Amino acid sequence: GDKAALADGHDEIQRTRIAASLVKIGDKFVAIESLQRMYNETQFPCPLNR
Amino acid sequence: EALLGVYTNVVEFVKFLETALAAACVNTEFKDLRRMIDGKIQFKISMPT
(Lines give C-alpha, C1' and ligand atoms only; values in the text may rest on other atoms or scores of the structure.)
Protein backbone atom coordinates (compact mmCIF):
# COMPACT_ATOMS: atom_id res chain seq x y z
CA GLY A 1 0.00 0.00 0.00
CA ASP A 2 2.86 2.33 0.91
CA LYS A 3 4.40 1.96 -2.57
CA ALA A 4 1.30 3.62 -4.04
CA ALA A 5 2.16 6.72 -1.99
CA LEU A 6 5.95 6.41 -2.03
CA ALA A 7 5.78 6.76 -5.83
CA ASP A 8 4.04 10.12 -5.60
CA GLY A 9 5.78 11.66 -8.57
CA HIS A 10 6.12 8.71 -10.87
CA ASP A 11 2.63 7.47 -11.63
CA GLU A 12 1.33 10.24 -13.88
CA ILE A 13 4.61 11.16 -15.60
CA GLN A 14 4.44 10.40 -19.31
CA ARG A 15 6.89 7.83 -20.61
CA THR A 16 9.06 8.55 -23.63
CA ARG A 17 11.74 7.04 -25.86
CA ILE A 18 15.24 8.20 -24.93
CA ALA A 19 18.37 7.02 -26.76
CA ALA A 20 21.75 6.31 -25.15
CA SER A 21 24.22 3.43 -24.79
CA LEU A 22 23.64 0.26 -22.74
CA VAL A 23 25.63 -2.75 -21.56
CA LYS A 24 25.34 -5.99 -19.54
CA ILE A 25 27.43 -6.34 -16.38
CA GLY A 26 26.45 -9.30 -14.26
CA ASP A 27 22.67 -9.07 -14.44
CA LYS A 28 22.41 -5.32 -13.87
CA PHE A 29 22.14 -3.05 -16.89
CA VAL A 30 24.33 0.04 -16.90
CA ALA A 31 24.22 3.04 -19.19
CA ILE A 32 27.62 4.15 -20.48
CA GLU A 33 28.25 7.80 -21.28
CA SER A 34 30.94 10.23 -22.23
CA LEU A 35 30.87 13.95 -21.71
CA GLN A 36 32.97 14.86 -24.71
CA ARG A 37 30.44 17.21 -26.27
CA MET A 38 29.60 19.21 -23.16
CA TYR A 39 33.24 20.14 -22.59
CA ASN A 40 35.15 19.88 -25.88
CA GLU A 41 33.35 22.48 -27.99
CA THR A 42 33.64 25.36 -25.63
CA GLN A 43 37.23 25.53 -24.21
CA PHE A 44 36.08 24.50 -20.74
CA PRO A 45 37.71 21.61 -18.83
CA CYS A 46 35.82 18.38 -18.40
CA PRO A 47 35.39 17.72 -14.66
CA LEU A 48 36.05 14.00 -15.08
CA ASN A 49 39.63 14.68 -16.21
CA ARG A 50 40.96 14.85 -12.68
CA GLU B 1 66.56 -11.87 -95.45
CA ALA B 2 63.22 -10.62 -94.26
CA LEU B 3 60.98 -8.32 -92.19
CA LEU B 4 59.09 -10.54 -89.80
CA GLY B 5 57.30 -8.08 -87.54
CA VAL B 6 57.12 -4.31 -87.12
CA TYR B 7 55.43 -3.47 -83.83
CA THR B 8 54.69 -0.39 -81.70
CA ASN B 9 52.90 0.90 -78.62
CA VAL B 10 49.57 2.60 -77.94
CA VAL B 11 49.21 4.83 -74.87
CA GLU B 12 45.74 4.37 -73.41
CA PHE B 13 44.04 7.60 -72.36
CA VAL B 14 43.66 8.06 -68.59
CA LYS B 15 41.82 11.22 -67.61
CA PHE B 16 41.48 12.80 -64.16
CA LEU B 17 37.82 12.32 -63.24
CA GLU B 18 37.99 8.55 -63.75
CA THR B 19 40.53 8.17 -60.96
CA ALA B 20 39.26 7.83 -57.40
CA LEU B 21 41.46 10.71 -56.33
CA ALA B 22 38.51 12.77 -57.64
CA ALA B 23 36.59 11.80 -54.50
CA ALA B 24 39.18 13.79 -52.53
CA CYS B 25 38.50 17.03 -54.43
CA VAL B 26 35.37 18.78 -55.68
CA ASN B 27 35.81 19.89 -59.27
CA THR B 28 34.04 23.06 -60.39
CA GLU B 29 34.53 24.24 -63.95
CA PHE B 30 35.49 27.88 -64.40
CA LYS B 31 35.85 29.74 -67.68
CA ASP B 32 38.02 32.87 -67.48
CA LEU B 33 40.51 31.84 -64.86
CA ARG B 34 43.12 34.50 -65.68
CA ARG B 35 40.56 37.20 -64.84
CA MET B 36 40.37 36.27 -61.16
CA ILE B 37 42.65 37.85 -58.60
CA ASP B 38 41.62 36.00 -55.44
CA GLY B 39 38.79 34.14 -53.79
CA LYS B 40 37.31 34.57 -50.38
CA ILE B 41 35.88 32.17 -47.80
CA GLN B 42 33.68 33.61 -45.04
CA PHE B 43 33.21 31.38 -42.00
CA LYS B 44 30.97 31.93 -38.97
CA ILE B 45 31.94 30.14 -35.75
CA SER B 46 29.39 30.50 -33.00
CA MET B 47 30.35 29.12 -29.61
CA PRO B 48 28.26 28.44 -26.48
CA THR B 49 29.47 28.61 -22.87
# chains A, B, ... in the order shown; residues from 1 in each chain; ligands from 1

call {"tool": "closest_atom_pairs", "arguments": {"of": "chain A", "to": "chain B", "cutoff": "12 Å", "atoms": "only C-alpha atoms", "output": "CSV"}}
result
residue,atom,partner,partner_atom,distance
A:37,CA,B:48,CA,11.4
A:38,CA,B:49,CA,9.4
A:39,CA,B:49,CA,9.3
A:40,CA,B:49,CA,10.8
A:41,CA,B:47,CA,7.5
A:42,CA,B:49,CA,6.0
A:43,CA,B:49,CA,8.5
A:44,CA,B:49,CA,8.1
A:45,CA,B:49,CA,11.5

call {"tool": "select_by_dssp", "arguments": {"residues": "chain A", "states": "strand (DSSP E)", "output": "list in words"}}
result
residues 21, 22, 23, 24, 25, 28, 29, 30, 31 and 32 of chain A

call {"tool": "select_by_dssp", "arguments": {"residues": "chain A", "states": "alpha helix (DSSP H)", "output": "PyMOL selection string"}}
result
chain A and resi 3-6+37-40

call {"tool": "write_last_selection", "arguments": {"atoms": "N, CA, C and O atoms", "output": "tab-separated table (two decimals), in the first residue's frame"}}
result
chain	number	residue	atom	x	y	z
A	3	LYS	N	3.77	1.70	-1.28
A	3	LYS	CA	4.40	1.96	-2.57
A	3	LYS	C	3.53	2.85	-3.45
A	3	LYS	O	4.06	3.65	-4.23
A	4	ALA	N	2.21	2.75	-3.30
A	4	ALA	CA	1.30	3.62	-4.04
A	4	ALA	C	1.42	5.08	-3.63
A	4	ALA	O	1.07	5.96	-4.42
A	5	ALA	N	1.92	5.36	-2.43
A	5	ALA	CA	2.16	6.72	-1.99
A	5	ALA	C	3.64	7.07	-1.89
A	5	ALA	O	3.97	8.25	-1.78
A	6	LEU	N	4.53	6.09	-1.93
A	6	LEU	CA	5.95	6.41	-2.03
A	6	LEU	C	6.29	6.91	-3.42
A	6	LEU	O	7.23	7.69	-3.59
A	37	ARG	N	31.06	16.10	-25.56
A	37	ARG	CA	30.44	17.21	-26.27
A	37	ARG	C	30.16	18.39	-25.36
A	37	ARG	O	30.26	19.54	-25.79
A	38	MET	N	29.88	18.13	-24.09
A	38	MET	CA	29.60	19.21	-23.16
A	38	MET	C	30.84	19.98	-22.75
A	38	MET	O	30.71	21.04	-22.15
A	39	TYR	N	32.04	19.46	-23.03
A	39	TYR	CA	33.24	20.14	-22.59
A	39	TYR	C	34.37	20.12	-23.60
A	39	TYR	O	35.51	20.43	-23.24
A	40	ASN	N	34.12	19.74	-24.85
A	40	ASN	CA	35.15	19.88	-25.88
A	40	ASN	C	34.93	21.09	-26.76
A	40	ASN	O	35.91	21.72	-27.18

call {"tool": "residues_around", "arguments": {"residues": "residue 19 of chain A", "least_positions_apart": "4", "cutoff": "12 Å", "atoms": "only C-alpha atoms", "output": "list in words"}}
result
residues 31, 32 and 33 of chain A

call {"tool": "atom_distance", "arguments": {"atom1": "atom CA of residue 30 of chain A", "atom2": "atom CA of residue 18 of chain A"}}
result
14.6 Å
